[PDB]
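Colleague: below: the sequence, then the experimentally determined structure.
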Amino acid sequence: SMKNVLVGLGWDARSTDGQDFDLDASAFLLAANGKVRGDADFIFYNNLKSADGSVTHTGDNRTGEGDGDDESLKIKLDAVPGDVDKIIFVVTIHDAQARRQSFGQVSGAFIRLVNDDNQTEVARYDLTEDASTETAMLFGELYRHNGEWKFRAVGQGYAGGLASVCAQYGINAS
């Protein structure tokens, strides 16, 4: 029965020579057909907000310099037609392409999730611990049930590739 949601990703950047970590937080869209409603299934800065996902990024940072929810994703399911039926959040490493660094490489990043509808949800994943688990992983999952939206954590890491996990959900390998 979640009508609104708000994810919050925050992490402390290690200041030493102007260096800084930048995790990629995005929402993956999936139709009820089992195929991505978009061969990309990966929306980000290239899209200030989803067109039919009703998802919107508050402000994409690039360092997280601070001490609290750095980035923020606002979502409005009450405005998602029957076209989309699944909307899950994701957070992976970006520079990892050239540096191949794990979330642990950071001082201690953290993800957050609250129901912006009634301010109910309030959970965060421990990266400092699961950091050694992978470099890309989904925080939770969201799907339609009795005509109402329903959240359900799954915790499933995948070393596929921030670039592959995008079309990988569309290209079904028989």
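Modeller: Here it is on my side, so go on. Numbers count the residues shown, from 1 in each chain.
Colleague: could you use CA atoms for every contact and neighbour count after this?
Modeller: Fine.
Colleague: which parts of this protein are helices?
Modeller: 96-99, 127-130, 164-168 (DSSP state H).
Colleague: so can I have a markdown table of those showing distance to residue 120?
Modeller: Formatted as a markdown table, the helices of the chain follow (distance: least, CA to CA, whole Å):
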| stretch | distance to residue 120 |
| --- | --- |
| helix 96-99 | 34 |
| helix 127-130 | 22 |
| helix 164-168 | 30 |
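Colleague: quick one, which of those is packed in tightest?
Modeller: helix 164-168 (a mean of 18; mean count of other CA atoms under 10 Å).
Colleague: and that one, C-alpha only, in PDB?
Modeller: Extracted in PDB, the C-alpha atoms of helix 164-168 (Å, rounded to 0.1, in the frame of the first residue of the first chain):
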ATOM      1  CA  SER A 164      25.200  -5.100 -18.400                       C
ATOM      2  CA  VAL A 165      22.700  -5.200 -15.500                       C
ATOM      3  CA  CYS A 166      21.000  -2.500 -17.500                       C
ATOM      4  CA  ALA A 167      20.100  -4.500 -20.600                       C
ATOM      5  CA  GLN A 168      20.700  -7.900 -18.900                       C
END
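Colleague: for the residue most central in space within the chain, which non-adjacent residue is closest in space?
Modeller: In the chain, the residue lying closest to the centroid (CA atoms, centre = their mean) is residue 90, at 2.5 Å. Sequence neighbours aside, residue 138 is the residue nearest to residue 90 in space, at 4.4 Å (criterion: CA to CA, 6 or more residues apart in numbering).
Colleague: quick one: contacts for the one you found?
Modeller: Residue 138 is in contact with 88-91, 154-157, counting by CA atoms under 8 Å, 6 or more residues apart in numbering.
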